[PDB]
Structures are given as C-alpha cells and as structure tokens.
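The structure appears below as structure tokens.
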2 protein chains.
Amino acid sequence: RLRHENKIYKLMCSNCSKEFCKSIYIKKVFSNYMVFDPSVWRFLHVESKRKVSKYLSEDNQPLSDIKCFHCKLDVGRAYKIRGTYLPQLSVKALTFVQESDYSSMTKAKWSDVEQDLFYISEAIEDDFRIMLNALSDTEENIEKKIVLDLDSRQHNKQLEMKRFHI
Amino acid sequence: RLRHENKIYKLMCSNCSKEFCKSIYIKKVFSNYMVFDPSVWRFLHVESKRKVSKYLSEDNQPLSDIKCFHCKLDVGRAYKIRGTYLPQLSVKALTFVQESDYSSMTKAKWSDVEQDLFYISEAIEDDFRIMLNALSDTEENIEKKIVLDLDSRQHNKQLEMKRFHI
RNA sequence: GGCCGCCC
RNA sequence: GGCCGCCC
Ligand SMILES: [Zn+2]
Ligand SMILES: [Zn+2]
C-alpha cells in the first residue's frame with residue numbers, strides 16, 4: 001500500500017562517493033541487475049580474476065572483476081549476456097542519493113531498492129543494442145574490452161572442454 | 001564413506017599466491033570459519049568500511065575489511081568474538097595447496113573443504129587466548145588494532161543507540 | 001560479513 | 001558472480 005515516488009537517484013561508490021550512473025539505467029535480466037548506461041564503463045576498472053566461473057552458461061557468462069576506477073573498491077562483476085558485455089553492480093557497494101529529497105541511503109538487496117526507492121524493469125532489445133559497442137571510444141575502455149574478450153574466450157573453452165566429456 | 005587423509009594445506013591468496021596460514025589454524029565459531037594463527041595478521045591489510053554492520057551483535061561483531069597485504073585483494077572481514085579480534089578469510093579468496101600430494105584446489109564452500117580436504121573443529125578457550133594480544137608486536141600490526149578498535153567502538157555505539165528505542 | 005538450502 | 005528464503 002506504501003508506494004514510493006519513483007524518483008531519480010544517483011548511484012555512488014559507497015567508499016569514495018564517485019557517481020557511477022543514474023537509477024534509470026538499472027535493468028534486470030532474469031534476477032540479475034545490470035547497468036545499461038554506455039557511459040558507465042568510464043568509471044569502472046576491469047580486471048581478470050584469471051579463474052573461470054564455476055557457473056558455465058552460454059547465455060549468461062560471469063566474467064571479469066569490476067572495481068571503482070577511482071578508489072578500486074570491488075563493486076561487482078562484468079557479464080556477457082546475449083553477446084553483450086554488461087556491468088553488474090553490487091547493491092552493497094552503492095549509496096543511493098536523491099537530490100530534491102535531500103536523502104541518501106544504502107539497501108541490502110535489489111528487491112529493497114525496488115520496494116523503497118525506484119522501479120526497475122526488465123532489459124529489452126534496445127538496451128542490449130545501446131551497450132553492444134560501449135567499450136570502443138576511449139583508450140582506457142579499449143583496454144577493458146581486451147580483458148573481457150580474454151575472459152570470455154577462456155569461459156567458452158572451459159565450457160567446450162567440459163562438454164567434451166558428454 | 002569416502003574419507004580424506006586430513007593433510008596439512010597452505011592457504012594462499014588466490015590472486016598473488018602469498019601464503020596466509022596453515023589449514024590447522026582454521027577453527028569454527030558457530031558456522032563462522034576463522035583464523036587462530038597469531039602470525040596471520042602480518043599478511044593482512046585492515047581497513048575501515050566506515051559503515052557499521054547491519055547485523056548488530058554483542059558477541060559477534062563484523063568489523064573492518066581485510067585484504068591481502070601484498071596485492072590488496074579482498075579476502076574477508078575482521079570480527080570481534082568474545083572480546084577477541086579474529087580474521088575471517090573468505091573461502092572463495094583462497095587456494096589450498098598440499099605439498100606432499102603435489103595438489104592445489106579451490107573450494108566453493110567451507111563445508112566442501114571439510115568434506116574433501118581437512119577437518120575443522122570448533123574453537124575453544126585456548127584459541128581465543130592465543131589471539132587476544134596478536135596485534136601488539138609490529139608497528140604495522142599496531143596500526144591495524146587502531147582501525148579495529150575504532151570500528152568496534154562505533155559498532156557498540158550503534159547498538160547502544162538503537163537499544164535506546166526499546 | 002558469515003552459514004546452509006534452492007535457483008540463475 | 002548473481003536472486004530469493006532461512007539462520008548467525
Ligand atoms: Zn570508489
Ligand atoms: Zn594477494
């Protein structure tokens with residue numbers, strides 16, 4: 001019965017307060033909450049874990065580690081979904097700030113964000129389209145694509161070599 | 001029916017391969033797996049999150065972040081249990097290495113470690129005693145105690161000020 | 001922050 | 001790596 005006003009929030013690093021993106025760029029992909037703002041990568045450091053995920057999916061590859069570019073806090077993980085690299089920001093690494101309300105809060109779960117702060121809808125085709133080529137516009141961002149491509153390649157090889165048993 | 005041989009393992013940083021401690025120093029405290037080797041702190045970087053845990057316990061305080069001192073990977077969290085500061089290492093940040101077997105493995109859960117690698121028993125009084133003054137022997141370690149004491153102080157104040165409502 | 005269970 | 005539930 002208690003509905004929020006679905007305001008716009010800034011999503012900030014809870015360690016150094018740098019802003020990653022606005023709330024309206026969060027979209028879900030089957031319970032995975034991802035950022036579909038192509039500018040977000042500028043604010044993220046991408047680094048290989050040098051270990052393939054134990055969850056081996058073709059559609060939904062958990063790949064490189066993502067850190068705040070400023071302070072290097074671990075803020076989530078990059079995925080490859082439907083051929084597209086996407087940042088998944090951890091809700092516990094964020095602070096949500098609303099300017100007009102003069103309010104700032106943390107939340108323990110993304111479902112708490114949806115309940116208390118702002119609505120989050122399912123990502124659709126245009127969201128994947130706008131993110132597909134987001135990493136080819138800055139030298140820093142091109143180096144990040146190299147990491148992701150390498151992790152994705154090893155992920156695919158691990159899945160192929162396990163399927164060799166079957 | 002399939003029993004392991006309960007060998008000694010080195011617990012190493014999965015990012016940089018620095019050794020934190022031996023397996024025989026892991027002990028559990030009510031499903032929390034902690035390190036009771038007083039030398040381990042030398043290998044850990046302690047940093048305030050500057051945010052009190054949402055789990056407010058008198059007996060079991062989750063406190064400062066712990067990182068590998070060498071490579072700064074997030075490897076767990078420090079707790080205060082029974083008046084004692086203890087490192088809790090994340091099982092997913094470790095690689096387990098057994099020299100005589102010539103073997104090295106990751107595990108996804110501490111219960112998998114117990115099932116496949118080595119037994120882990122409940123911590124007892126002498127374990128807390130040996131850890132009580134582990135942070136007063138190096139300049140680096142004394143600075144770590146300052147962080148922990150500050151986080152514990154704010155934790156206690158947060159719990160006291162919430163209990164003010166009741 | 002942790003444990004275990006289920007699911008992706 | 002994530003989701004949700006329970007527990008510490
Ligand atoms: Zn930051
Ligand atoms: Zn390390």
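These values consider heavy atoms only, across backbone and side chains, with no hydrogens, waters or symmetry-generated copies. The chains referred to below are lettered A, B, ... by the order of the sequence lines, with proteins before strands, and numbering in each begins at 1.
Searching all strands for a Watson-Crick or G-U wobble partner of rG5(C) with both distances below 3.5 Å returns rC4(D).
As rounded to whole Å, 12 Å separates atom P of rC3(D) from atom CG of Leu89(A). In this structure, CZ of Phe30(B) is placed 23 Å from P of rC6(D), rounded to the nearest angstrom. When rounded to the nearest whole Å, the span between CD of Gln115(A) and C1' of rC3(D) equals 16 Å. Between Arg50(A) atom CZ and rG1(D) atom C1' there is a gap of 17 Å when expressed in whole angstrom units. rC8(D) atom P lies 17 Å from atom CE of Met34(B), rounded to whole Å. If you take NZ of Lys28(B) and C1' of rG2(C), they are 13 Å apart, rounded to a whole angstrom. Counting to the nearest Å, the P atom of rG5(C) and the CG atom of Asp112(B) are 8 Å from each other. For the pair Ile26(A) CD1 and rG2(D) P, the computed distance is 15 Å after rounding to whole Å.
Residue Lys54(A) is classed as having no contact, given no heavy-atom separation below 4.0 Å to the nucleic acid. Using a 4.0 Å heavy-atom distance criterion, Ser57(A) is classed as making no nucleic acid contact.
When each of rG1(D), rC3(D), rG1(C) is scored by its nearest atom to the side-chain atoms of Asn32(A), the top-ranked nucleotide is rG1(D). Side-chain proximity of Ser111(A) to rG1(D), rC4(D), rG1(C): nearest is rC4(D). Comparing atom distances between the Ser31(B) side chain and each of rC8(C), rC8(D), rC3(C) picks out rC3(C) as nearest.
Not a single donor-acceptor pair, N or O on each side, falls under 3.5 Å between the base of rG2(C) and the side chain of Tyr79(B).
Judged by the 6.0 Å distance and 45° axis criteria, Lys72(A) is positioned over the aromatic ring of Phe69(A).
The nearest heavy atom of RNA chain C to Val29(A) and to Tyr33(B) marks one nucleotide each, and the one closer to the 5' end goes with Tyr33(B). Projected onto RNA chain D by closest heavy-atom contact, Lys92(B) and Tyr55(B) fall at different nucleotides, the more 5' of which corresponds to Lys92(B).
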List the steps, then state whether ring pair (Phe, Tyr, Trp, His ring centres under 6.0 Å) holds for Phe43(A) with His70(A). CA-CA 7 Å; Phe43(A) 308 115; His70(A) 188 72; over 10 Å; no

The test is salt bridge (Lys or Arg N to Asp or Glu O under 4.0 Å); show your working for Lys157(A) and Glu160(A) and say whether it passes. CA-CA 5 Å; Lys157(A) 179 67 84 177; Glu160(A) 172 202 3; 3.6 Å; yes

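Exactly one of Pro62(A), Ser152(A), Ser64(A) qualifies for a side chain to side chain contact (heavy atoms under 4.5 Å, CB included) with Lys80(A). That residue is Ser152(A).
In plain terms, the two heavy atoms of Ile142(B) and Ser136(B) that are nearest each other are CD1-CA, 3.6 Å.
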